[PDB]
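Only one structure is covered here, and it is reproduced in the block below.
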Amino acid sequence: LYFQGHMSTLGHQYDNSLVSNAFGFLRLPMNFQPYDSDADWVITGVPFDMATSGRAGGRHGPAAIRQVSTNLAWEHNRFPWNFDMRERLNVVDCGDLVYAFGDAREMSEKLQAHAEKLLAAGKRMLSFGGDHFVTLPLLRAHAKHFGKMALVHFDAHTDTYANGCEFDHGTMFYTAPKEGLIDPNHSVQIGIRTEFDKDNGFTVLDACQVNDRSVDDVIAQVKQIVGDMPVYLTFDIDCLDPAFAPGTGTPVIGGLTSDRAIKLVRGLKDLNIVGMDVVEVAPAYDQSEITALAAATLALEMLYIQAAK
Amino acid sequence: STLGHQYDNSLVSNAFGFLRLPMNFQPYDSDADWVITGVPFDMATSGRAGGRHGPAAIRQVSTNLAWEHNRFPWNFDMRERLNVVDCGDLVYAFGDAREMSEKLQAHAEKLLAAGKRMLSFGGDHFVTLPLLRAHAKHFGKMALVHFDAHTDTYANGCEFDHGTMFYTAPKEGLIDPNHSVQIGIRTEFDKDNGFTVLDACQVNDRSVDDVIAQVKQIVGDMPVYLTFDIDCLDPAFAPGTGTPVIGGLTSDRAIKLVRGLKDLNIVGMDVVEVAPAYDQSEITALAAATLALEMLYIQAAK
Amino acid sequence: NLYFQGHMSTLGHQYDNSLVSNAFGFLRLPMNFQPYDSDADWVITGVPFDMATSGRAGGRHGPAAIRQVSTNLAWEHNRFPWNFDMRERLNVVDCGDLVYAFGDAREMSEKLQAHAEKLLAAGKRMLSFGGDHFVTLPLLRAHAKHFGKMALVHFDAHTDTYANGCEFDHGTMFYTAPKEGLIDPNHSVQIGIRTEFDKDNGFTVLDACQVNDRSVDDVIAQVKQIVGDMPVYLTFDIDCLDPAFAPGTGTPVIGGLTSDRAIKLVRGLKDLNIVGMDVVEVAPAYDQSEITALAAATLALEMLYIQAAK
Amino acid sequence: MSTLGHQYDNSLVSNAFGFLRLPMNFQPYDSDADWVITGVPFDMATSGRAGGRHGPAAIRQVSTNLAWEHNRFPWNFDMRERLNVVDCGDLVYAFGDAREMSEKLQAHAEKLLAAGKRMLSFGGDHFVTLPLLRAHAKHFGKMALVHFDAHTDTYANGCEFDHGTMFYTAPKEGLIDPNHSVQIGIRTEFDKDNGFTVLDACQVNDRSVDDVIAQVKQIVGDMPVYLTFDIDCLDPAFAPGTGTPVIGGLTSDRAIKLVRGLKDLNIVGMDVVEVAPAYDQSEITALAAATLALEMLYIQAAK
Amino acid sequence: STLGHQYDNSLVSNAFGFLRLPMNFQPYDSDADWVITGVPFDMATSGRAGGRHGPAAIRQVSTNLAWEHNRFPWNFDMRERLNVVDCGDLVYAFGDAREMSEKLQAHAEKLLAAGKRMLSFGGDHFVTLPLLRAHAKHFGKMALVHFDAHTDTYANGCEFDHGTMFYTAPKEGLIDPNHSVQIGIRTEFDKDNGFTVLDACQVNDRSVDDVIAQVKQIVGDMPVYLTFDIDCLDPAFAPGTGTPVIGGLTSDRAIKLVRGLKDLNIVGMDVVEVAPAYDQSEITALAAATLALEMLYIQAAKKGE
Amino acid sequence: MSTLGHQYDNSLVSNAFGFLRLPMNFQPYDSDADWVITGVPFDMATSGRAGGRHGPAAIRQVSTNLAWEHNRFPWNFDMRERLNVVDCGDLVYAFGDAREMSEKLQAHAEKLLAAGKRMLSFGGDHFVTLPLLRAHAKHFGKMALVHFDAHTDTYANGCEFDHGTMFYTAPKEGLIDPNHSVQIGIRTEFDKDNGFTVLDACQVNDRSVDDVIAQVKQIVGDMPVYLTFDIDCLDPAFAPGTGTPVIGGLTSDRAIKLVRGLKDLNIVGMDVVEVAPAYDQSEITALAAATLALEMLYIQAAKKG
Ligand SMILES: [Mn+2]
Ligand SMILES: [Mn+2]
Ligand SMILES: [Mn+2]
Ligand SMILES: [Mn+2]
Ligand SMILES: [Mn+2]
Ligand SMILES: [Mn+2]
Ligand SMILES: [Mn+2]
Ligand SMILES: [Mn+2]
Ligand SMILES: [Mn+2]
Ligand SMILES: [Mn+2]
Ligand SMILES: [Mn+2]
Ligand SMILES: [Mn+2]
């Protein structure tokens, strides 16, 4: 009942409402010292958007994902699954990373040291952004513990820009391969629909072709691409068409549906995913929490494919 | 209709009754074939409230549809085949859910006993239960065609719970689950009842024509009650609802499905869970309004 | 008076105590789409028109928004702070919205003037909902023929005395109205003005800067003096209110009146002989939680109460 | 210690959980708390717009704007130095059952008061105040009501669960004394010949802060006070996020100054109600409620 | 077109001309191949107004696209092939629709005569009628490739009505209905007027290639005027529009259907009916911005390297 | 004019480019301008909500509501007739590099002031003012700060790029004299024991505009004044579009009257900061900022004569 959500309400009463007792993601228990806990998975918020080239507001993403997640908490077995992920995984929400707002360098180092300490304690990580730069420190900690990783990357942009400043949310996947964190030749970038480089190692499955092909065919290609490398899964929510995810800093039309998106994440269940994150929710631009809702449903789906093991 | 009873070609002005249809606040002894009733109720919601403003938002946006003499893609005017009146909204003591339930059933029972039929606007989905209780008394046991992200077959809810109507309605002999279909479902459901659950995942993958064919086989020749929860539509098309769930139907798939149910003997129908407080540029109200008009056009198709 | 109190404006003719449902006619007053031969003392007309706007359009939705939000004021049997019910003292019907070819401002002008003259020539008085402020000029033309030259009690951030610009221009009515002998500038006051105006015309401009500092009683005393004892036409542009209170308008100007000051000022005009009145420039596309519409509905209701006070 | 790694969060954004990032205590009855914050996610008794059920969460979320202030303006101490405040979460009741809410909130309130704890409560619609008054009156006896609202809510022929009937019922049950009670900001039809003293928005906006405050102190005398604040007391310009808005209301300046000047009153319990986030604009209603809520703890801390 | 003529790689700053292109308020005598004109006008609307803010909304949001050297999925920069200038917005007395109509045509005739081509941002769809009057003088009778939820072939109506241009234009001999296609229609339409209607229902169920294959067959060898009404897109993608109709196109299918008209002789074009007061997080304006950029790219593609 | 064909645009909508439809001058250093408007699209220093980067563009777009007034109320002349004002667009820095912003803004500010141009700057968060003070202090010497805000921003234990620290760093670096400086509208925890005179929101609301202006004039005396206006000085009802809102602020009425009354002061530079359009409601925050911006140009034109 602790690790379920029966235990994070007033008087520890099971809150059946899709509204009340909205604190931790999915009403999962708060543990602000997660390093010595009995958690299998530790949810972290990264309230950061200093590395944005478009709209800011990403700093409020972790809160929005948590707030809207009460819509999913009532499902004992989250559809369409035949078990409860809370019975299989012990998940805690450790709150948001504390850093000096206006110091991206302090954010970077403290986030890297946070992950390094979790991973060294045998805890796995589901992380909420924040702009997509937060994924770089996370990959620096993950590469140290799990080795070089295949990147499964849901996005409208490839973020492989070579001539940006240090704190730039469009330069993580130029920097990660350069530092030997990820292998481009085993990495896949799904839903791309902005200018990208073709003759790097990355396999780009653009939104045009992904919206035309079947989910099972895209999945089969992804399964082959990654091989047997440990996967880091990163979902930029601007992968979804702005009709489904208006609340992003860099929106691009001709994106994926929320249906196609959840089906693709659902289908990655057989892979070795060591870490994952959902980034770039900007609630200042969200409409009736639909962007936040997509991020939270995808976040819960990521936990369910780990529980599927 | 309008000031000076002048034909209003605008998509804006003289927004009163749904589709600028005549207001008849005493519709029981009227010449009407079909009666539009608003149920301004959301006390049985488990998610967001705001459903109480549902009927108003659906009426206001319906001016967008009114100018169409023949509504696309139909070859006739449904107003030339049906006398439809808008009888206003149910008056009940707000905060008294029991009084709502009693007054809605009596209203419906009085309408049906006058040989009138009912297109109802919610309001949360609990309003369907009083509507089913009255329809059952006049039309007997019914087949349920139920568009939704949720099955609403919960057995441990309080009396006024918008997730319990289709646990209670089978028990009360109002509907036959074995001839009932549930379309758009994408939240935890009990597989081991009579209902055929056509989940959003498969309905989005399958063809519209092969979904329709299967619905027809299930319902058979039973008289249908057509209930449309608007959170069936993906929050991208229907943000203005109390319990949104991602991975839902497009408005295109939704209208095509409702359009292809014309051959069924549909005795009653409603559109529920429109929450204008959460709606964006009236796109949810519009979908609810357009689907409601489609329901009158499939009745007119007879 | 049950018909005119809104006991017959709901399903089964049941009194709706809720601030939500049966939102049709303003304040749930009965719909009369042929109001000319009715028992109505006062007739409410929507003018869904914004073609004459210089800023944002969307004024055309003003009438509908004012009606929908007005259910918030219906539950009060005696509207505060009055000790009677205006619905029991006045027969008030809502005749709906003016039907005109959208994109034809001339037809709007002619049909509105024809509609108004027919109401006045039937012994009815008019409370009109805009729409942009140009709707006042057709209404002033109808009123001028029936009651004679009037005193304009004008609430606005703008004087709208522009002697240039095209015919269908919502900043020109009160240059045109004096020229056609519809109003007397000498007995006219413009309240809330905080945009460039002509000082040396006959109008008395009580700018928002001084109106915000001065007492209500003192502004009221001055307005009473300016009008004299001529018949008054009361036009209220909602953008008179600060954007804080009325964000839903086409031409917002900061440093406006509070809703508290505006409702008090109209309340203090009760002694004046107001022969016709309107509320204009509600643009619901730019409104925020119906706060502009609510202001327009309350002020419009106050205009009916200061007629009922007599 | 309500942040990751128990670090001091100087931002006005991060770690937005308990009100003002105060410690979460879901079993606060046997705790060390002087004051307990409860959320009541309820809006079934609403006559206008619903959406009050999200009130508690929106007040908590926006309260990150106020937490960075060690001495919240304009005070010369920290209320966390003098008071031990805890956020006990939201009342768990069956959504659709108004009776379950009422009984469980009274039981919650009665256990807190019997345990020596005092209650700041966020609504939710104003009906929640009656179960809270029922609890308070058992423990503290008959009370004076300092009531901020656009409405007097003294309706006599409403249904059981009506957010406009509490202050007909509360004198009827001997919970409050109208003769020592005041209703500040009323600008809607009210009954004149009840014991209540109504300081309507019209006279309050015209009169000075000091002369209004002095009159309120005269009325209450030395009676134990229950302070209740319906946010629609504020003008829709300042509080657009509410179920039943009325124009010609109080400014946030005048409102915070009135609450700040009630500090020498014997206030035994208080609440802030009718925040409806669905109708809010950039959280300014939530912020006003949240700021008023902290002000109420500071006037308690000043003692 | 930035402070100190520095390259602004941000998706935010220096949002003046469409895609930060140079402003040329007197473009007639310039080196321009393609001139962008804002027509801030919505007086002919029968639904909501606010289309007057369309051009500005399209310009502001266009910063999201400027950073792309080669706009996806193209293999060239359209700016390296076409000299493009934004000439600002048409200046007419607000409340005078005839002045707008006369000045928009007069402006259009001057550009065409000087050897400039036109990409025009609306504004309600009536702006297309004065444009076809200028284009039909310079290019003769044209084929209309029409993206819309409405056919706008309404006989009757007033003079200035955004649902009548394509009843008026054939009568005056600006367009040939028999070589004209109307894609995305999902409201009452006239079946026998020469126009080939491809309704949203069939468009959504058919393949992009097979619709493109048919559109080529219809327009023939005629010079094409491409007019995109943004309400062609489903309100889920284009909520900021005066007359929304449900069951529209995805932005995906829309850009895919335009992208596949690259071989057609498109002489002029416009994007209309963006009403920013009803838009949500600039998604309608962004669709209008992205589609406008695509229209320049199918001209940059059909023009050589 | 800055319109299609250089025509007079009397509309409050169209040709929305430079602030108040003033001419765009991207190289203003050698121009005939008296006053230059610069956008600083930067919000990286914020401790609350971000969005300030879009502030400059929002202020420009809303300023069309003010341009039609030849003599802006309640003035008896045109500032555009007395002052030569240009908009030089927005500062171009690598987004995510706060250091580059600071250095490039100072160098830009020093170059303008070295050429005899005066600065009206739009933020962006309030940190942008520290680079501006460094530049002004080099050309004018130590200045009296007239500072409208809900916050004093004198925090001594923040990171380098922090929007709540400028007026601790500024007096330390000899840019401003606290003893001749005033902070108007404060309603948050503040240090009382610094040289600054704090006129908190509660007292300013209770006092007459006359007696407050009288106090400010005495404090500054005859030192060169830098007028910096954080828009959150206004109550969130008037300015919801801000990053760190605080209830119980000034009305837009009181705020303009207070600025209007500073006309006799020697104000050498000025800025308006912390407009976050993501949190604005029907542009009312941008309008207030744009109107207060225009008022600052009028009190300069008034003093100039
Ligand atoms: Mn990314
Ligand atoms: Mn991205
Ligand atoms: Mn349902
Ligand atoms: Mn449902
Ligand atoms: Mn006016
Ligand atoms: Mn005006
Ligand atoms: Mn109340
Ligand atoms: Mn109240
Ligand atoms: Mn069209
Ligand atoms: Mn259209
Ligand atoms: Mn500041
Ligand atoms: Mn500040």
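Chain identifiers are assigned as A, B, and so on, following the order in which chains appear in the structure tokens; residues are numbered from 1 within each chain, and ligands are numbered from 1 in order of appearance.
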
task = Using only C-alpha atoms, find which residues of chain F lie within 8 Å of chain E and jot them down as a ChimeraX atom specification.
result = /F:2-11,13-18,26-27,41,53-54,57,88-95

ask   = Which chains and residue numbers are within 9 Å of ligand 12, counting only C-alpha atoms and all ligand atoms, if I want them as a ChimeraX atom specification?
value = /F:125-126,148-153,163-164,186,229-233,242-246,273-274

inquiry  = What are the residues of chain C lining chain B at 9 Å or less? Count only C-alpha atoms, and put the answer as a ChimeraX atom specification.
reply    = /C:8-18,20-25,32-35,45-48,60-61,63-64,68,95-102,285,289

Non-local contacts of residue 196 in chain A (7 Å; only C-alpha atoms; under 2 positions in same chain excluded) as a list in words =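 Listing them by chain and then by number gives residues 158, 194 and 198 of chain A.
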
task = Compile the residues of chain C that lie within 10 Å of chain E, evaluated using only C-alpha atoms, and express the compilation as a PyMOL selection string.
result = chain C and resi 49-61+100-105+107+165-170+284-286

task = Could you list the residues in chain F lying within 10 Å of chain D, using only C-alpha atoms, and format the result as a VMD selection string?
result = chain F and resid 46 to 49 158 186 to 190 200 to 202 205 to 206 235 to 251 278 to 281

File dump, residues just selected, C-alpha atoms, as a tab-separated table (two decimals), in the first residue's frame:
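Result saved to part-v7.tsv:
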```tsv
chain	number	residue	atom	x	y	z
F	46	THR	CA	14.66	34.85	-13.74
F	47	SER	CA	13.95	33.06	-10.37
F	48	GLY	CA	10.17	32.91	-11.19
F	49	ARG	CA	8.40	32.26	-14.55
F	158	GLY	CA	22.70	35.11	-5.78
F	186	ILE	CA	7.92	47.47	-2.96
F	187	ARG	CA	5.61	44.87	-1.26
F	188	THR	CA	8.18	42.06	-0.56
F	189	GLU	CA	10.94	41.55	2.11
F	190	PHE	CA	13.52	44.43	1.75
F	200	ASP	CA	6.35	50.52	-0.41
F	201	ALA	CA	3.08	49.78	-2.35
F	202	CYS	CA	0.86	50.04	0.81
F	205	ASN	CA	-1.56	53.56	-2.60
F	206	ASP	CA	-2.61	55.51	0.60
F	235	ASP	CA	-0.87	44.95	-9.39
F	236	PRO	CA	-1.21	41.60	-11.28
F	237	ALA	CA	-4.82	42.71	-12.19
F	238	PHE	CA	-3.19	45.39	-14.47
F	239	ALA	CA	0.04	43.40	-15.26
F	240	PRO	CA	-0.58	39.59	-15.11
F	241	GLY	CA	2.07	39.12	-17.88
F	242	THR	CA	5.09	39.10	-15.48
F	243	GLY	CA	7.51	36.43	-14.09
F	244	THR	CA	7.19	37.19	-10.31
F	245	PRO	CA	3.74	38.73	-9.56
F	246	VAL	CA	2.86	40.17	-6.06
F	247	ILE	CA	-0.74	41.26	-5.06
F	248	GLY	CA	-1.48	44.74	-3.58
F	249	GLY	CA	0.42	46.74	-6.26
F	250	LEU	CA	-0.21	50.09	-8.06
F	251	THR	CA	-3.03	50.73	-10.61
F	278	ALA	CA	3.13	33.96	-22.17
F	279	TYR	CA	1.29	35.08	-18.93
F	280	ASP	CA	-0.30	38.28	-20.42
F	281	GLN	CA	-4.15	38.54	-20.79
```

inquiry  = as number ranges by chain, please: every protein or nucleic acid residue near ligand 7 (cut-off 7 Å, counting only C-alpha atoms and all ligand atoms).
reply    = D: 126, 149, 151, 153, 163-164, 230

Resulting file, chosen residues, N, CA and C atoms, as a PDB file, in the first residue's frame:
```pdb
ATOM      1  N   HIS D 126     -17.921  27.434  -0.578  1.00  0.00           N
ATOM      2  CA  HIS D 126     -18.009  28.025   0.786  1.00  0.00           C
ATOM      3  C   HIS D 126     -18.781  27.103   1.743  1.00  0.00           C
ATOM      4  N   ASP D 149     -16.671  38.474   1.426  1.00  0.00           N
ATOM      5  CA  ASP D 149     -17.575  37.884   0.403  1.00  0.00           C
ATOM      6  C   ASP D 149     -18.279  39.005  -0.371  1.00  0.00           C
ATOM      7  N   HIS D 151     -21.321  38.109  -1.235  1.00  0.00           N
ATOM      8  CA  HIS D 151     -22.625  37.501  -0.853  1.00  0.00           C
ATOM      9  C   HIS D 151     -22.659  37.268   0.662  1.00  0.00           C
ATOM     10  N   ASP D 153     -24.826  34.930   2.056  1.00  0.00           N
ATOM     11  CA  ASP D 153     -25.046  33.458   2.117  1.00  0.00           C
ATOM     12  C   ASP D 153     -25.898  33.118   3.347  1.00  0.00           C
ATOM     13  N   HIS D 163     -24.090  26.370  -1.178  1.00  0.00           N
ATOM     14  CA  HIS D 163     -22.946  27.238  -0.779  1.00  0.00           C
ATOM     15  C   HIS D 163     -23.423  28.664  -0.461  1.00  0.00           C
ATOM     16  N   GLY D 164     -24.739  28.891  -0.390  1.00  0.00           N
ATOM     17  CA  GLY D 164     -25.343  30.191  -0.038  1.00  0.00           C
ATOM     18  C   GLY D 164     -26.258  30.107   1.175  1.00  0.00           C
ATOM     19  N   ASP D 230     -14.276  34.282   1.242  1.00  0.00           N
ATOM     20  CA  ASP D 230     -14.712  33.973  -0.145  1.00  0.00           C
ATOM     21  C   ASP D 230     -13.976  34.938  -1.079  1.00  0.00           C
TER      22      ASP D 230
END
```

ask   = What's the 12 Å shell around residue 305 in chain E, counting only C-alpha atoms, without same-chain residues fewer than 5 positions away, as a VMD selection string?
value = chain E and resid 75 to 82 299 to 300

Interface rows for chain A against chain B: nearest pair, Å to one decimal, 6 Å, only C-alpha atoms, as a Markdown table:
```
| residue | atom | partner | partner_atom | distance |
| --- | --- | --- | --- | --- |
| A:17 | CA | B:46 | CA | 5.0 |
| A:18 | CA | B:47 | CA | 4.6 |
| A:19 | CA | B:47 | CA | 5.6 |
| A:75 | CA | B:188 | CA | 5.7 |
| A:78 | CA | B:188 | CA | 5.8 |
| A:79 | CA | B:187 | CA | 4.8 |
| A:243 | CA | B:236 | CA | 5.4 |
| A:244 | CA | B:236 | CA | 4.8 |
| A:258 | CA | B:247 | CA | 5.0 |
| A:259 | CA | B:247 | CA | 3.7 |
| A:288 | CA | B:278 | CA | 5.5 |
```

Can I get the selection written as a compact mmCIF listing (two decimals), in the first residue's frame, with C-alpha atoms?
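Output file again_37.txt follows:
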```txt
# COMPACT_ATOMS: atom_id res chain seq x y z
CA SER A 17 -10.88 11.04 -7.55
CA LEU A 18 -9.00 12.30 -10.69
CA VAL A 19 -8.35 15.66 -8.85
CA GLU A 75 -6.40 2.83 -13.18
CA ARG A 78 -3.25 1.31 -16.69
CA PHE A 79 -4.81 0.45 -20.13
CA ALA A 243 -2.49 19.93 -32.08
CA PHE A 244 -1.70 17.26 -29.37
CA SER A 258 -0.75 10.86 -29.18
CA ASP A 259 -2.17 7.44 -30.36
CA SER A 288 -6.30 22.35 -20.84
```

Residues of chain E within 8 Å of chain A, only C-alpha atoms counted, as a PyMOL selection string = chain E and resi 9-12+64+68-73+236-237+250-253+255+280-281+283+286-287+290

Residue selection dump (N, CA, C and O atoms) as a compact mmCIF listing (two decimals), in the first residue's frame:
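File selection.txt, as written:
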```txt
# COMPACT_ATOMS: atom_id res chain seq x y z
N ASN E 9 20.13 33.31 -34.78
CA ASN E 9 19.87 31.84 -34.87
C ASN E 9 18.74 31.46 -33.91
O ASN E 9 18.21 30.33 -34.05
N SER E 10 18.37 32.35 -32.98
CA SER E 10 17.24 32.16 -32.02
C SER E 10 15.92 32.05 -32.80
O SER E 10 15.85 32.59 -33.92
N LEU E 11 14.92 31.39 -32.21
CA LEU E 11 13.57 31.19 -32.80
C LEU E 11 12.60 32.24 -32.23
O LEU E 11 11.37 32.00 -32.27
N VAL E 12 13.13 33.38 -31.77
CA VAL E 12 12.40 34.39 -30.95
C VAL E 12 12.65 35.79 -31.52
O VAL E 12 11.69 36.44 -31.98
N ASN E 64 10.16 30.62 -35.94
CA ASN E 64 10.29 29.16 -35.65
C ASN E 64 10.91 28.42 -36.84
O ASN E 64 11.45 27.32 -36.61
N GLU E 68 16.31 27.14 -40.02
CA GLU E 68 16.51 26.04 -41.00
C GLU E 68 17.12 26.60 -42.29
O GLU E 68 16.41 27.35 -42.99
N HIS E 69 18.38 26.27 -42.56
CA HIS E 69 19.12 26.65 -43.80
C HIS E 69 18.40 26.04 -45.01
O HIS E 69 17.95 26.82 -45.88
N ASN E 70 18.26 24.71 -45.03
CA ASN E 70 17.38 23.96 -45.96
C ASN E 70 16.15 23.49 -45.18
O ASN E 70 16.27 22.51 -44.42
N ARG E 71 15.01 24.17 -45.35
CA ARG E 71 13.72 23.80 -44.70
C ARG E 71 13.40 22.34 -45.05
O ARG E 71 13.40 22.01 -46.25
N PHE E 72 13.16 21.51 -44.03
CA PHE E 72 12.79 20.08 -44.18
C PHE E 72 11.55 19.97 -45.06
O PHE E 72 10.63 20.78 -44.93
N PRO E 73 11.45 18.98 -45.98
CA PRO E 73 12.51 18.01 -46.25
C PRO E 73 13.39 18.35 -47.46
O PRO E 73 13.98 17.44 -48.02
N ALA E 236 -8.62 21.19 -34.60
CA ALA E 236 -7.60 20.63 -33.69
C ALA E 236 -6.22 21.19 -34.04
O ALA E 236 -5.39 21.35 -33.11
N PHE E 237 -5.98 21.49 -35.32
CA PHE E 237 -4.70 22.00 -35.87
C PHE E 237 -4.79 23.50 -36.18
O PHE E 237 -3.75 24.17 -36.14
N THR E 250 -5.32 16.96 -41.22
CA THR E 250 -4.11 17.13 -40.36
C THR E 250 -3.16 18.08 -41.10
O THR E 250 -3.20 18.09 -42.35
N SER E 251 -2.34 18.84 -40.37
CA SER E 251 -1.26 19.69 -40.93
C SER E 251 -0.32 18.81 -41.77
O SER E 251 0.17 19.29 -42.81
N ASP E 252 -0.10 17.56 -41.32
CA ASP E 252 0.71 16.52 -42.01
C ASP E 252 0.24 16.37 -43.46
O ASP E 252 1.06 16.58 -44.37
N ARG E 253 -1.04 16.03 -43.66
CA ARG E 253 -1.63 15.77 -45.00
C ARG E 253 -1.63 17.06 -45.83
O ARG E 253 -1.37 16.96 -47.04
N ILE E 255 0.43 19.91 -45.73
CA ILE E 255 1.79 20.26 -46.23
C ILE E 255 2.23 19.22 -47.27
O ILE E 255 2.88 19.61 -48.24
N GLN E 280 -4.45 29.15 -30.60
CA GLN E 280 -3.96 28.55 -29.33
C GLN E 280 -2.47 28.24 -29.47
O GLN E 280 -2.14 27.31 -30.22
N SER E 281 -1.62 29.00 -28.77
CA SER E 281 -0.14 28.85 -28.77
C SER E 281 0.42 28.96 -30.19
O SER E 281 1.39 28.23 -30.51
N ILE E 283 -0.51 27.94 -33.07
CA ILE E 283 -0.44 26.67 -33.87
C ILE E 283 -1.08 26.88 -35.25
O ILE E 283 -0.56 26.29 -36.22
N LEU E 286 1.28 29.18 -37.16
CA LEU E 286 2.49 28.35 -37.45
C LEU E 286 2.23 27.48 -38.68
O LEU E 286 3.14 27.37 -39.52
N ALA E 287 1.03 26.89 -38.78
CA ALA E 287 0.58 26.11 -39.96
C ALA E 287 0.55 27.03 -41.19
O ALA E 287 1.03 26.61 -42.26
N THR E 290 4.27 27.89 -42.01
CA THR E 290 4.96 26.69 -42.56
C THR E 290 4.45 26.40 -43.98
O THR E 290 5.29 26.03 -44.83
```

message = Can you pull out the residues contacting range 264-267 of chain E? Cut-off 6 Å, using only C-alpha atoms, and skip same-chain residues under 5 positions away; I want them as a list in words.
response =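 The neighbour list is residues 223, 224 and 225 of chain E.
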
Chain B near ligand 3 within 12 Å: what's each residue's closest atom pair and its distance in Å to one decimal, counting only C-alpha atoms and all ligand atoms, ordered by chain then ascending residue number, as a tab-separated table?
```
residue	atom	partner	partner_atom_place_in_ligand_line	distance
B:42	CA	ligand 3	1 (Mn)	11.9
B:44	CA	ligand 3	1 (Mn)	10.9
B:45	CA	ligand 3	1 (Mn)	9.7
B:46	CA	ligand 3	1 (Mn)	10.9
B:47	CA	ligand 3	1 (Mn)	11.5
B:51	CA	ligand 3	1 (Mn)	11.9
B:122	CA	ligand 3	1 (Mn)	10.7
B:123	CA	ligand 3	1 (Mn)	10.6
B:124	CA	ligand 3	1 (Mn)	7.5
B:125	CA	ligand 3	1 (Mn)	4.9
B:126	CA	ligand 3	1 (Mn)	7.9
B:127	CA	ligand 3	1 (Mn)	10.1
B:128	CA	ligand 3	1 (Mn)	9.1
B:129	CA	ligand 3	1 (Mn)	11.0
B:145	CA	ligand 3	1 (Mn)	11.8
B:146	CA	ligand 3	1 (Mn)	8.2
B:147	CA	ligand 3	1 (Mn)	7.9
B:148	CA	ligand 3	1 (Mn)	5.6
B:149	CA	ligand 3	1 (Mn)	7.4
B:150	CA	ligand 3	1 (Mn)	5.8
B:151	CA	ligand 3	1 (Mn)	6.9
B:152	CA	ligand 3	1 (Mn)	6.0
B:153	CA	ligand 3	1 (Mn)	9.7
B:154	CA	ligand 3	1 (Mn)	11.3
B:161	CA	ligand 3	1 (Mn)	10.2
B:162	CA	ligand 3	1 (Mn)	6.5
B:163	CA	ligand 3	1 (Mn)	6.4
B:164	CA	ligand 3	1 (Mn)	9.0
B:165	CA	ligand 3	1 (Mn)	8.4
B:166	CA	ligand 3	1 (Mn)	9.2
B:182	CA	ligand 3	1 (Mn)	10.3
B:183	CA	ligand 3	1 (Mn)	11.1
B:184	CA	ligand 3	1 (Mn)	10.8
B:185	CA	ligand 3	1 (Mn)	9.9
B:187	CA	ligand 3	1 (Mn)	11.4
B:227	CA	ligand 3	1 (Mn)	8.5
B:228	CA	ligand 3	1 (Mn)	7.7
B:229	CA	ligand 3	1 (Mn)	4.9
B:230	CA	ligand 3	1 (Mn)	8.2
B:231	CA	ligand 3	1 (Mn)	7.7
B:232	CA	ligand 3	1 (Mn)	8.4
B:233	CA	ligand 3	1 (Mn)	11.8
B:241	CA	ligand 3	1 (Mn)	10.5
B:242	CA	ligand 3	1 (Mn)	10.0
B:243	CA	ligand 3	1 (Mn)	9.0
B:244	CA	ligand 3	1 (Mn)	10.9
B:245	CA	ligand 3	1 (Mn)	11.9
B:270	CA	ligand 3	1 (Mn)	11.2
B:271	CA	ligand 3	1 (Mn)	9.8
B:272	CA	ligand 3	1 (Mn)	7.5
B:273	CA	ligand 3	1 (Mn)	7.3
B:274	CA	ligand 3	1 (Mn)	10.9
```
